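Below you'll find only one chain, the form deposited in one PDB entry, shown as structure tokens.
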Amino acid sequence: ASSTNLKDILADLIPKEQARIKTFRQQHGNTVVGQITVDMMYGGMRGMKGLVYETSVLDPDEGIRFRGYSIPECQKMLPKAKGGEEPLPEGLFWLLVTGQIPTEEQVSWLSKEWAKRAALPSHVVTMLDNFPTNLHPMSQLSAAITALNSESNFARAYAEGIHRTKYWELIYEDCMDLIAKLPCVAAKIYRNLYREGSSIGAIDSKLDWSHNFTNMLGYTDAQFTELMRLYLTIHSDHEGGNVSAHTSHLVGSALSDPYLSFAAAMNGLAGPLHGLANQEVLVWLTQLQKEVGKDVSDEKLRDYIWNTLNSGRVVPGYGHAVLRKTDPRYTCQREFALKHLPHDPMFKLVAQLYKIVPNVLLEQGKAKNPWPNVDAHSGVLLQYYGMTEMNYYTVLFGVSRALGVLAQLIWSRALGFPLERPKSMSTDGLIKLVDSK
């Protein structure tokens, strides 16, 4: 079929993957991987191996891996814009879908595809323009994505009857269309809330996805576009157990189309326990710089931190239960800042905390692995380029996370994963059960 066509490459991979899972399940489907306890059921399935998600896996020693590749390896190998040095999100998506590193010519193809499919129907433009400024940007995003399901071709084809084995084909189309549209929707929200409802302008079919997005947002700094490339790539996926991904997976399994699956996933991302870490850190940093001042000594910063731990408070963005070192997504952003904004005062604070915090967390003993995550670094970077509207920052996370959750959604359907339908129990039934047990 095609070297550069993603869909031809996918069609060739899928049957070989079906056959490999079938023979694995034939010898080991009955193999016990864990026990369920009462505490796990009350505890939000904490520590329960419950689903198969193919695109990304956490390595406790190396950080999140994308189809086997660590972040450093991705930065190295994935194609960059011309004149750029940050990896294009297009190439990340290719890798997640195929397991393979795309050539420059495959990535260039994918940029064009996304530009060609980027169109919004008039009812969605009209809806966005009529929303009030007190409707949160993530609610605006989800509702507009729900309203685009009028454009789903899977929804249409399923109603006309199609064979199970062919679902993935139209799923693939709808996912490609949704990704293409996302930056248009997100930029209309940004401009309507924060730039007096000015026009997002036109798509340029020779640019990459991120560049079209930053144009439509109204930004002109070439290095902001480089930041956006990096940012969208590194927030793209993080296993399937997080609420945004699991929500897409669960709604997807009912054969709701990608529009509906993704909007549902954005409603979970909007939750304060999933979507707000970047903002929480930036607010704390802001408070901190006010308290201690602009050229604080290492000693005086260390005191502040100790005073804070010995007050039952925590340092946001620091500490993990599993990963044994600094998140490499934190390190990526560090290096960017060292090249492009090393003299910024809020970055200097973020760098100074990186020097000092980890050791203070050890003196306290408590926190197991006292290293920072991706959210400890992202706000100060956005802020520097003038993207200061913190309520909006979860929208960017969402546009990124689409790449991961939709790449998986194609494979959930290719492999014929069934409806997700665990069994619930009430407190009374558990009590009855452990007494008969």
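In this text, residue numbers run from 1 along the sequence as written. Each form is matched to the other, and the largest set of C-alpha atoms that superpose within 1.5 Å is called the rigid core.
Absent from the display: the form deposited in another entry. The rest refers to it.
Rigid core superposed between this form and the one not shown, residues 159, 273, 135, 362 considered: the one with a C-alpha shift of 2 Å or more is 362. Annotation for residue 146: C-alpha shift under 2 angstroms between this form and the one not shown, rigid core superposed. Taking the rigid core as fixed, one finds a CA shift for residue 302 of 2 Å or more between this form and the one not shown. After superposition on the rigid core, the Cα atom of residue 389 is displaced by less than 2 Å between this form and the one not shown.
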